[PDB]
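Hydrogens, waters and symmetry mates are skipped; everything else that's a heavy atom, side chains included, is used. Residue numbering restarts at 1 for every chain, and letters A, B, ... go by the order of the sequence lines.
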2 protein chains.
Amino acid sequence: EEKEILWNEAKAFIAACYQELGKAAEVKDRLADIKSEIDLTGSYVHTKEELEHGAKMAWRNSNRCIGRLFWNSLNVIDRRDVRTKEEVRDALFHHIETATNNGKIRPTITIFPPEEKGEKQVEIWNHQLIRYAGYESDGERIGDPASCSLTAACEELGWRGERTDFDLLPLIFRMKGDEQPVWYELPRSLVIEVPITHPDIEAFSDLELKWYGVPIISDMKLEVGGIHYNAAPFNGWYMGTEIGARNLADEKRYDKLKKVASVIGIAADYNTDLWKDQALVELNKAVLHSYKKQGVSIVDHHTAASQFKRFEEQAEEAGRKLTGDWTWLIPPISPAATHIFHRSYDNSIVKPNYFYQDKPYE
Amino acid sequence: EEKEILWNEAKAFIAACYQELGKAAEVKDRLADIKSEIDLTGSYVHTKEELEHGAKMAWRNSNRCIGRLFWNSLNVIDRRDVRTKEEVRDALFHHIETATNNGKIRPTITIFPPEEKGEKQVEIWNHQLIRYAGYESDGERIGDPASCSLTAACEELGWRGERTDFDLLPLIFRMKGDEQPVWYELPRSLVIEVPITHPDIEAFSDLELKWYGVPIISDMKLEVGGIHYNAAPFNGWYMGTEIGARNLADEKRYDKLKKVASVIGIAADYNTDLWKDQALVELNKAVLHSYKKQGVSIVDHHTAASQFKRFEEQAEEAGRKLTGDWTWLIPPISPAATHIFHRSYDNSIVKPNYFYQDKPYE
Ligand code: HEM
Ligand code: HEM
Ligand SMILES: N=C(Nc1cccc(COC[C@@H]2C[C@H](OCc3cccc(NC(=N)c4cccs4)c3)CN2)c1)c1cccs1
Ligand SMILES: N=C(Nc1cccc(COC[C@@H]2C[C@H](OCc3cccc(NC(=N)c4cccs4)c3)CN2)c1)c1cccs1
Ligand SMILES: C[C@H](O)[C@H](O)[C@H]1CNc2nc(N)[nH]c(=O)c2N1
Ligand SMILES: C[C@H](O)[C@H](O)[C@H]1CNc2nc(N)[nH]c(=O)c2N1
Ligand SMILES: [Cl-]
Ligand SMILES: [Cl-]
């Protein structure tokens, strides 16, 4: 079954991919080569063109992603050649620097060797390459609560955080053949961060909030024609609400709304005052203003939705079915002000795609 | 099949209902009576206790309703005795007055005779008993665009609106046996309306916005143990966002956000300014403030969600499965600030329940 699952996926992927690249005539021979290779080796190797286009199709099929208009401009870095942890580390450093691009963020994915027989060659522990640590002890909470378990795992391995609210977690990954992951401190010169200020409320800086410029998801498996790239970190730029309405606002994250209410000079006493809503809007305004002021790429939820509308129109024009997850596409600030809220989406899963996988710790 | 569908529903309803009312011992005899009656007459008649509890269970099972905590306090008016249009009209007038209760709104349902063989005894045309007319002609738009088709149907029948933006539609319904519905102008003394002002922005009154106090849904079918009450208008009080974030804000409704932006003194030029979001919050603040100031019942979305949490806890304690429609339960303003956004709901349909039915015009 396992080898048969592989061939079926390979057949479906190669037809669709070559069809899109105008290479339909080459499908027959390529499929022949692939079948022999699966018979001989138990797997097959993608061409660079297949791998690149596979990564792009996977983004295009990501139901939960509002940013999909730009799927075809994904920058694909092929690192299937990596064999050592120094090579992994340096490829990750390189991804951070080239994706960041001095603030003009380039959507990028770095693809490491795929799983062999469900056996990982490189097992990444970080949820994102750049992420803040989190600590909870004796009632005391510091940093990002969502990082508590990885943070504890890093410290078990000899790392120590400074216990500010914004400690950068080190990169941490394990190589096939090692019992323990290794970790490396992020060079601060690689990491752009944005202090959060407000366009007209001077006191807002008293909160001393910041966030990192580039979100680089490093814990998802990219699947392309039956090949499982468990290690394939990718980035885009942020939609403002991810930071203002969730990372900084959620009670189980940085939980800043009451503090926001205070500095913008409103009472946080009555539900009917909609103080949480007002705080959310001002904090979200501050986040967009701060990123733009620093020349770091970001998109507001209105502009992102307008772009997504164009993505929908583009799918229809190309004769491709559109899939989407309504519950994730709607922004968490004023969702009914976007077209998304007022229509429905087929949440069917199409491959290539990005998938969750179990974490290697806990 | 039709008669068999009826008996199966009746059996399931009577068991559950009597079980809830501690009347389990009486199920056997009641079921016997019902079966004879279905055999003799092709239907059966609910007792007042069944009818009342059925209407309450139906509210409790309404997946899309955030207000369900108070299901058991529904005030049920039994008007199965109605035979004339004067009786219908007067029952509807009475419902408006007793539900409104000088502003201390009482959740109420008035239940008219049920369908016989899919044949309606009373066919209500209004979507709500109190609702504003809408007009579109020669590019000119007046009133509520969502009322355009019923408004045109009323005017075909000799009604004429004044063409303000807030014309009250007349009650309009048809009796079994008549080819044409009748219509009656709402007595203005029955209708509470709330002018929309803002707690600290004096200029907000320049917009001259208002809304009616009591939403009375008059176009849904109540189904209880296989009996179809197509005409059974019900009301609660408003959640503020229904008015501030949708009725007054949607582009295809009153579309007031740009005008709101102007009176609150902000530019409506840049998506990144989140002017729509800020306008939404201030308009929603104004709506809550205005209702409270006038002593008309209303709930904000934070308080409603907290109540809904208690409803969830209550279902669990009672050993009842909870059903819900996540996409409707989340409020359209700051949904991620409520617990609802962060969990999921089983959207299974349980009866008794309220259902859509085709409109009798167009
Ligand atoms: C170019 C700018 C992009 C923007 C503004 C954007 C925006 C978003 C947002 C707001 C989410 C929801 C995340 C959350 O609520 O936590 C999301 C989800 C997602 N995006 Fe994008 N995205 C972009 C680029 C990309 C790229 C380059 C990829 C991969 C090649 C990608 C794949 C995904 C996936 C897989 C998810 C779902 C993650 C999950 O299920 O947990 N996106 N995107
Ligand atoms: C007591 C105060 C109540 C509040 C605050 C409340 C709140 C709400 C809200 C906000 C909605 C969504 C409506 C929309 O977006 O257009 C809703 C839907 C609904 N409510 Fe309630 N509700 C209340 C009482 C009731 C009562 C008394 C009933 C019937 C006995 C009821 C049955 C429903 C139904 C059937 C829907 C769904 C309508 C549809 O599918 O279109 N609710 N409720
Ligand atoms: N357990 C792990 N990670 C982990 C640890 C703690 C918490 C979480 C929560 O993650 C699950 C969901 C997944 C989701 O993650 C954040 C996310 C996902 C996708 C896009 C974006 N935002 C962007 N603008 C972009 C980023 C990249 C391109 S665009 C953010 C929220 N939350 C995961 C694993 C490590 C290794 C394997 S699994
Ligand atoms: N076509 C008809 N009506 C009609 C006409 C124009 C537009 C619409 C749109 O209606 C569909 C959905 C249905 C939904 O209606 C508004 C609504 C439904 C339920 C609760 C509330 N809000 C409340 N707080 C409460 C009211 C009562 C108790 S709590 C509001 C929105 N929109 C219907 C019909 C007339 C007769 C039979 S069908
Ligand atoms: C339970 C619910 O499905 C869950 O909280 C989802 C809702 N929609 C979301 N949408 C986005 N974009 N991001 C999220 O983390 C979530 N959380
Ligand atoms: C298409 C989408 O399902 C639709 O616009 C829904 C979304 N959720 C909603 N939720 C509520 N409460 N009311 C609505 O009218 C809608 N509209
Ligand atoms: Cl994030
Ligand atoms: Cl309404």
Side-chain angles (χ1 to χ4, degrees), chain A residues 132 134 141-146 164-166 193-212 238-294 296 298 300-302 331-335 337, chain B residues 198-201 241 245 264-266 271-285 288 300-303 305-306 331 333-339 341-342:
Chain A
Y132 296 130
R141 324 160 59 82
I142 304 171
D144 192 337
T164 72
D165 274 336
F166 304 103
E193 299 187 292
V194 181
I196 299 304
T197 60
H198 188 276
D200 37 71
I201 300 173
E202 177 54 54
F204 210 95
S205 53
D206 292 341
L207 291 192
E208 300 190 271
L209 305 177
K210 69 183 167 171
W211 205 256
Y212 50 85
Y238 266 117
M239 186 167 67
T241 53
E242 304 182 62
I243 302 171
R246 308 293 318 278
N247 297 346
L248 292 181
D250 282 2
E251 292 186 356
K252 290 179 178 178
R253 304 293 298 291
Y254 281 80
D255 192 22
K256 298 288 176 168
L257 293 188
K258 292 191 174 188
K259 287 179 167 174
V260 171
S262 188
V263 293
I264 67 173
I266 66 180
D269 295 338
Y270 308 84
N271 284 353
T272 55
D273 286 337
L274 306 189
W275 67 264
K276 281 186 179 179
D277 311 81
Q278 194 169 338
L280 278 165
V281 169
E282 300 300 334
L283 174 54
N284 276 279
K285 277 162 70 178
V287 162
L288 293 166
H289 165 72
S290 299
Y291 275 63
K292 288 183 69 162
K293 174 178 203 157
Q294 196 161 316
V296 184
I298 195 152
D300 65 279
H301 51 292
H302 305 293
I333 294 306
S334 313
Chain B
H198 188 276
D200 37 71
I201 300 173
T241 53
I264 67 173
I266 66 180
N271 284 353
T272 55
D273 286 337
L274 306 189
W275 67 264
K276 281 186 179 179
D277 311 81
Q278 194 169 338
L280 278 165
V281 169
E282 300 300 334
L283 174 54
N284 276 279
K285 277 162 70 178
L288 293 166
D300 65 279
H301 51 292
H302 305 293
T303 301
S306 290
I333 294 306
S334 313
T338 71
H339 81 282
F341 182 93
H342 304 273

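- Note that CD1 of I264(B) and CG of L283(B) are 9.0 Å apart. Values are rounded to the nearest 0.5 Å.
- Shown here are the ring pair (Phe, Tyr, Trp, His ring centres under 6.0 Å) partners of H198(B), two or more places apart in sequence or in another chain: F204(B).
- Taking the side-chain hydrogen bond (donor to acceptor under 3.5 Å, both in side chains) definition, one finds that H289(A) meets it with nothing, sequence neighbours left out.
- Evaluation of the salt bridge (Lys or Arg N to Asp or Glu O under 4.0 Å) rule for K276(A) yields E251(A) as partners, not counting sequence neighbours.
- The salt bridge (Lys or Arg N to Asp or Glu O under 4.0 Å) analysis of residues 252-262 of chain A, with sequence neighbours excluded, yields the pairs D144(A)-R253(A).
- For residues 242-265 of chain A, the pairs satisfying ring pair (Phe, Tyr, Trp, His ring centres under 6.0 Å) are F166(A)-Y254(A), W211(A)-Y254(A), with sequence neighbours left out.
- Closest heavy-atom contact between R141(A) and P145(A): NH2-CG, 3.5 Å.
- Of all the heavy atoms in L280(B) and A337(A), the pair that sits closest is CD1-CB, 4.2 Å.
- With sequence neighbours excluded, the residues satisfying side-chain hydrogen bond (donor to acceptor under 3.5 Å, both in side chains) with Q278(A) are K285(B).
- A distance of 9.0 Å separates CG of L209(A) from OG of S290(A), quoted to the nearest 0.5 Å.
- Not a single salt bridge (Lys or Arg N to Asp or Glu O under 4.0 Å) links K292(A) to another residue, sequence neighbours left out.
- Looking at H302(B) and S306(B), their side chains never come closer than 4.5 Å, going by heavy atoms from C-beta outward.
- The shortest heavy-atom contact between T197(A) and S205(A) is CG2-CB, 4.4 Å.
- Atom-to-atom distance recorded for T272(B):OG1 and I298(A):CD1 is 10.5 Å, nearest 0.5 angstrom.
- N247(A) CG to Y238(A) OH: the interatomic distance, rounded to the nearest 0.5 Å, is 5.0 Å.
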Determine whether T164(A) and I142(A) satisfy the following criterion, side chain to side chain contact (heavy atoms under 4.5 Å, CB included), listing intermediate values before the conclusion. CA-CA 7 Å; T164(A) 72; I142(A) 304 171; 5.9 Å; no

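- Sorted by first and then second residue, the ring pair (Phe, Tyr, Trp, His ring centres under 6.0 Å) pairs with a member in residues 261-288 of chain A form an empty list; sequence neighbours excluded.
- In terms of heavy atoms, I201(A) sits closest to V263(A) at CG2-O, 3.7 Å.
- Taking the side-chain hydrogen bond (donor to acceptor under 3.5 Å, both in side chains) definition, one finds that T303(B) meets it with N271(A), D300(B), sequence neighbours left out.
- With a 4.5 Å cut-off on side-chain heavy atoms, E208(A) and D165(A) do not count as touching.
- Heavy-atom minimum distance, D277(B) versus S334(A): OD2-OG, 2.6 Å.
- With sequence neighbours excluded, the residues forming a side-chain contact (heavy atoms from CB on, under 4.5 Å) with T241(A) are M239(A), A245(A), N284(A), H301(A), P332(A), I333(A), listed by chain and number.
- Among the candidates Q294(A), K210(A), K293(A), the single residue satisfying the side chain to side chain contact (heavy atoms under 4.5 Å, CB included) test with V194(A) is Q294(A).
- In terms of the side-chain hydrogen bond (donor to acceptor under 3.5 Å, both in side chains) criterion, residue partners of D250(A) (sequence neighbours excluded) are, by chain and number, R246(A).
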